[PDB]
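J.: In order, the protein sequence lines correspond to chains A, B, C, D and E.
At the far end of the first sequence sits residue 38, using the numbering used here, and the numbering has no gaps.
At the far end of the second sequence sits residue 1176, using the numbering used here, and the numbering has no gaps.
At the far end of the third sequence sits residue 2005, using the numbering used here, and the numbering has no gaps.
At the far end of the fourth sequence sits residue 3142, using the numbering used here, and the numbering has no gaps.
At the far end of the fifth sequence sits residue 4209, using the numbering used here, and the numbering has no gaps.
Encoded as structure tokens, here's the structure I'll be asking about.
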Amino acid sequence: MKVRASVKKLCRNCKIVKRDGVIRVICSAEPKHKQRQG
Amino acid sequence: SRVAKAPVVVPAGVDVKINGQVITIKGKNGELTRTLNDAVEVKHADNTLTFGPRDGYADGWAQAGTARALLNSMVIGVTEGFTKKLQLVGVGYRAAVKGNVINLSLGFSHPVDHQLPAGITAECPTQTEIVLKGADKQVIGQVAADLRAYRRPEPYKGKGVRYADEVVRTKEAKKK
Amino acid sequence: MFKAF
Amino acid sequence: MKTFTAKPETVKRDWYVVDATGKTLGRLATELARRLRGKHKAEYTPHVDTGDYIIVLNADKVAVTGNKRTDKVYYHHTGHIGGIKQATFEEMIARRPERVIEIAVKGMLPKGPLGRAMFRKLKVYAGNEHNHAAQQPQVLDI
Amino acid sequence: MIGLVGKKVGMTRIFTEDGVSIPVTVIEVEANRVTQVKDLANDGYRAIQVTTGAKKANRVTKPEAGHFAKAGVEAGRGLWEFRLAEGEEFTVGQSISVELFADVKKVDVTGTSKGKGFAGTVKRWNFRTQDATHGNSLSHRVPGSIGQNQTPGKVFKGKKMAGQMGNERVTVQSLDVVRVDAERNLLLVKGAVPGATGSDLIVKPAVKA
RNA sequence: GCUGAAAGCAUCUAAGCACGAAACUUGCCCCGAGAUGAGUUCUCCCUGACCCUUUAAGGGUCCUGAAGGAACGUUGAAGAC
RNA sequence: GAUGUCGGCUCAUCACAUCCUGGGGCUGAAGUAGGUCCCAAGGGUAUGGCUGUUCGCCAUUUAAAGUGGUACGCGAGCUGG
RNA sequence: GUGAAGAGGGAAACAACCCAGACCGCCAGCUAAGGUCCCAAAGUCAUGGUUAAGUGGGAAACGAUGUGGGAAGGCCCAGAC
Ligand SMILES: [Mg+2]
Ligand SMILES: [Mg+2]
Ligand SMILES: [Mg+2]
Ligand SMILES: [Mg+2]
Ligand SMILES: [Mg+2]
Ligand SMILES: [Mg+2]
Ligand SMILES: [Mg+2]
Ligand SMILES: [Mg+2]
Ligand SMILES: [Mg+2]
Ligand SMILES: [Mg+2]
Ligand SMILES: [Mg+2]
Ligand SMILES: [Mg+2]
Ligand SMILES: [Mg+2]
Ligand SMILES: [Mg+2]
Ligand SMILES: [Zn+2]
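Structure below.
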């Protein structure tokens, strides 16, 4: 997981989801995609 | 709120009781019970369970859908037992069932012993795979996760414990 | 005693 | 003529019992602080403790709005360097359910010898029963 | 589990056929007479009050002798308490001897340490001594700095300084029980224990386990 | 991570559950009721005459001197005192 | 009409932008060993040669020899190169 | 313009900001700024909305199916998404 201020869709399979008041990205195909806002 | 609109049928041989917010579903596979939140209103005025949001609650519509999904799975549970199949992959990976407790070998220096909850049952057709059967979809789902947690599937070779239908994205090891 | 330059 | 002033050796004091079950901590505290200071009495005097005795029951059942049931933090310093201690609302209820009321009320009462004396009339209990039946407190609803 | 009160008779050496020498502190544990039993319904905690030894009858105050008379016991050196877990019970006047430790591998020993009086920082806190030469002026073994100038402007609580050392309760944990001699009321424990010879001593089962 | 909607799917989360570190609260050790919110338990001691008016948690005389403590003396592996 | 400096010595205390130990996500992570990011301040966090030196270089160690604030902490505490 | 050479009330404390120029006395009243749950004088005041972050009670580029409102457009019971 790579943490950075800007979270975006890097590919089609990516999705943005809010879990605990923090925006993070979950990708089913490529775990490199997943990020957290911080 | 499409899920909430769809009613849930209670066929013959299934008994359902409503007492305020708590509901008790009974069937041939056992019994189940949970306490619904005050924001969801459930009625038993017909042969099908109907759901609606209680007035004054903003989350009622979204909350109503959860009750339909939860009760819909529960009625299935009492009629049929949810089944989870896990597969063991490895050179010397084996599983054994002593009853409420399962003994696994996963290359550890110590034995792995896991006890099941009262509402779950397990049995071993073969030492390379294990099957979990139960009435409640929640605990049975949790049991498999803990079973899978001991050795999550190995990326470069796939060895470990995995759901029977799981797909593992094998990755080739770095060359040179 | 002391100095400060 | 000179304005009337209350006499600490002639003031009349009566006992009350309050149930804290389901009451919001802050708004219950203000009423308790108002009563302990005697602001409701027509003979209120700033330099005389004219308040009444208050008994608080079910101190563990007080309610707090929002997410502060877990985000409310209580701070106190032991006096030693680095001796800063933390205690959330849940921890205080679990450990000492009675301190939540007194800490809230204590910060609402005046400061100084008179304020401490007024606090001494507050008697909080975690359970539903109290041993002060001899005082025959009246049921007071807030 | 319940312990016992003994006296530090001294220190001795125990030889073993294998050729190893075990330094053992000899502790004499006379009969321990229970003087009172503490109950939840009346006292709020479960414990037993015990006395050991004997003291001259001319110096037992009837407030103390009456306490002993209540339990039908002879006045001892002093009174000590031990907490009771769920499984143990005792009766007033019951006498407990050293065999209680016959099944105990490890024991806990507590007592008052030897009193060193007013001790300097070097002895009390292992402070490093400053230069004995090279120009040092009347500051060979003084504590030195004790603060950080204006910003704090004070000395923090708990600062290590010269003061009373020793003469305080100390507990030594996980002491092996070498031998129990119930025919002479003695307990042998490997290693040294706090206090001087003849001082009161409290022995309890090893809590550390 | 489980179940799972808002969003027919998906989703660790919004309702409801599980795991998770030398940090945190305990566990271990020491001080500790000046904790004036001054706590509890067990024993021990005292069961007389009167007198005055400002007649009240009043003052005073006689008798009495308990429990215990202190002081002094011999002293301590206790201690600057 | 006076707040005494660099460095050393002694004694420290706090911050976390963490050097070691602890828990994790990715890895162009086979393993061993690393890279990077996240959580974590509980403890621990070299002796010498040269130089007044801090620093630095060098020698040899260590799980590591952290970065800073505190009058570039500390001379009514020492030293005075 | 104010302080300097200006008190008083407000901004927690705070010469220069806001309100306002103290001849003396009063246990009278009405107001300014600013305020009315408690410390602490006055609304736990009456309506219609927004916020769930204790935002309010510090901070940007930038990021995000947070959530409320408004005006349009594409597809759509010839079956859309
Ligand atoms: Mg004030
Ligand atoms: Mg001594
Ligand atoms: Mg000199
Ligand atoms: Mg000298
Ligand atoms: Mg100060
Ligand atoms: Mg001067
Ligand atoms: Mg800890
Ligand atoms: Mg060096
Ligand atoms: Mg040389
Ligand atoms: Mg300096
Ligand atoms: Mg110097
Ligand atoms: Mg100085
Ligand atoms: Mg010189
Ligand atoms: Mg001038
Ligand atoms: Zn992606």
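By construction, the Cβ of each residue, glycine as well, lies at the ideal position given by its N, Cα and C atoms.
#1: Determine whether the Cβ of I3081(D) lies closer than 8 angstroms to any Cβ atom of chain E.
#2: Could you work out which residues of chain D lie near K4157(E), taking near to mean beta carbons separated by less than 9 angstroms?
#3: Is residue 2973(D) helix, strand or coil by DSSP?
#4: Please report the distance separating the alpha-carbon of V1014(B) from that of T1066(B).
#5: Let me know the alpha helix (DSSP H) ranges lying completely inside the stretch 4026-4060 of chain E, each 4 residues or longer, listed in chain order.
#6: Identify every residue that forms a DSSP beta bridge with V3124(D).
#7: Output the distance between the C-alpha atoms of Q1115(B) and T4171(E), rounded to the nearest integer angstrom.
#8: Taking only the alpha-carbon atoms, compute the straight-line gap between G4153(E) and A3094(D) and give it to the nearest angstrom.
#9: As an exercise, report each continuous alpha helix (DSSP H) stretch of at least 4 residues that is fully enclosed by the stretch 4065-4139 of chain E, in chain order.
#10: Which word fits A1135(B), buried or exposed, when buried means at least 16 other C-beta atoms lie within 10 angstroms of its C-beta?
#11: If I measure Cβ to Cβ from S4174(E) and keep anything under 7 angstroms in the same chain, skipping five residues before and after, which residues do I get?
#12: According to DSSP, is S1073(B) part of a helix, a strand, or is it coil?
#13: State yes or no: is the C-beta of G4044(E) nearer than 7 angstroms to some heavy atom of ligand 2?
#14: With a threshold of 8 angstroms, are at least 3 pairs of Cβ atoms found where one atom belongs to the stretch 3055-3063 of chain D and the other to the stretch 3012-3020 of chain D?
#15: So, are the CB atoms of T4051(E) and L4084(E) less than 8 angstroms apart?
#16: Does DSSP classify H33(A) as helix, strand or coil?
#17: Using C-beta distances below 8 angstroms, list every residue in its chain close to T3070(D), excluding the 5 sequence neighbours before and after it, in chain order.
#18: From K4062(E) to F4068(E), what distance separates their C-alpha atoms?
#19: Any residue with its C-beta under 7 angstroms from a non-hydrogen atom of ligand 15 counts. Can you list them all in chain order?
#20: Return the chain-ordered list of same chain residues with a C-beta closer than 6 angstroms to the C-beta of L1036(B), the five sequence neighbours on each side being excluded.
#21: Do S4137(E) and ligand 3 come close, with the Cβ less than 7 angstroms from some heavy atom?
#22: With respect to 7 angstroms, is the separation between the Cβ of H4134(E) and the closest non-hydrogen atom of ligand 4 below this value?
#23: Below 7 angstroms CB to CB, which residues in the same chain sit around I26(A) once its five sequence neighbours on both sides are set aside?
#24: Can you check DSSP and say which residues form a bridge with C11(A)?
#25: Kindly indicate which three-state DSSP category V4189(E) falls into: helix, strand or coil?
#26: Mind listing, in chain order, the continuous beta strand (DSSP E) runs of no fewer than 3 residues lying wholly within the stretch 3012-3092 of chain D?
#27: Quick check on the DSSP output: the beta strand (DSSP E) that includes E3102(D) runs from which residue to which?
#28: Contact check, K1159(B) vs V1112(B) under 8 angstroms by CB: the rounded distance?
#29: What number of angstroms, rounded off, separates the C-alpha of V1091(B) from the C-alpha of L1106(B)?
#30: Where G3038(D) and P3046(D) are concerned, what is the direct C-alpha to C-alpha distance, given to the nearest angstrom?
#31: Should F2002(C) be labelled buried (16 or more other beta-carbon atoms within 10 Å of its own) or exposed?
#32: Give the range of the alpha helix (DSSP H) segment to which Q1138(B) is assigned.
T.: The relevant details are as follows:
#1: Judged by the 8 angstroms Cβ criterion, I3081(D) is in contact with chain E.
#2: For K4157(E), the C-beta contacts it makes with chain D under 9 angstroms involve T3078, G3079, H3080, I3081, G3083, in order along the chain.
#3: Because residue 2973(D) is not part of the residues shown, which for chain D are 3001 to 3142, the question remains open.
#4: Computed Cα separation, rounded: 21 angstroms.
#5: Listed in chain order, they are 4040-4043.
#6: BP columns for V3124(D) point to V3056(D).
#7: Going by the C-alpha atoms only, they are around 42 angstroms apart.
#8: Cα to Cα, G4153(E) sits roughly 39 angstroms from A3094(D).
#9: Fully enclosed alpha helix (DSSP H) runs of 4 or longer: 4121-4125.
#10: Counting Cβ neighbours within 10 Å, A1135(B) comes out buried, since at least 16 surround it.
#11: The residues are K4106, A4206, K4208.
#12: DSSP places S1073(B) in helix when its eight states are reduced to three.
#13: No; taking the cut-off as 7 angstroms, the Cβ of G4044(E) has no heavy atom of ligand 2 nearer than that.
#14: Contact between the stretch 3055-3063 of chain D and the stretch 3012-3020 of chain D is present, because at least three Cβ pairs lie under 8 angstroms.
#15: No, Cβ-Cβ distance for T4051(E) and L4084(E) is not below 8 angstroms.
#16: Three-state DSSP puts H33(A) in a helix.
#17: Around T3070(D): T3088, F3089, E3090.
#18: Approximately 9 angstroms between the Cα atoms of the pair.
#19: Listed by chain position, these are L10(A), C11(A), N13(A), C14(A), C27(A), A29(A), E30(A), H33(A).
#20: Correct list, in chain order: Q1021, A1067.
#21: Checking every heavy atom of ligand 3 against the Cβ of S4137(E), one is found closer than 7 angstroms.
#22: No; taking the cut-off as 7 angstroms, the Cβ of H4134(E) has no heavy atom of ligand 4 nearer than that.
#23: Only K15, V17, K34 meet the Cβ criterion.
#24: For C11(A), DSSP assigns no beta-bridge partner whatsoever.
#25: Three-state result, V4189(E): strand.
#26: Fully enclosed beta strand (DSSP E) runs of 3 or longer: 3015-3019, 3053-3057, 3073-3077, 3084-3088.
#27: Where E3102(D) is concerned, there is no enclosing beta strand (DSSP E), although the alpha helix (DSSP H) it sits in stretches over 3099-3106.
#28: Taking a contact as a CB-CB distance under 8 angstroms, the pair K1159(B) and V1112(B) does not count as one, their CB atoms being some 15 angstroms apart.
#29: Rounded to the nearest angstrom, the two C-alpha atoms are 9 angstroms apart.
#30: C-alpha separation (whole angstroms): 9 angstroms.
#31: Exposed is the call here.
#32: 1137-1149 is the span of the alpha helix (DSSP H), which, as asked, contains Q1138(B).
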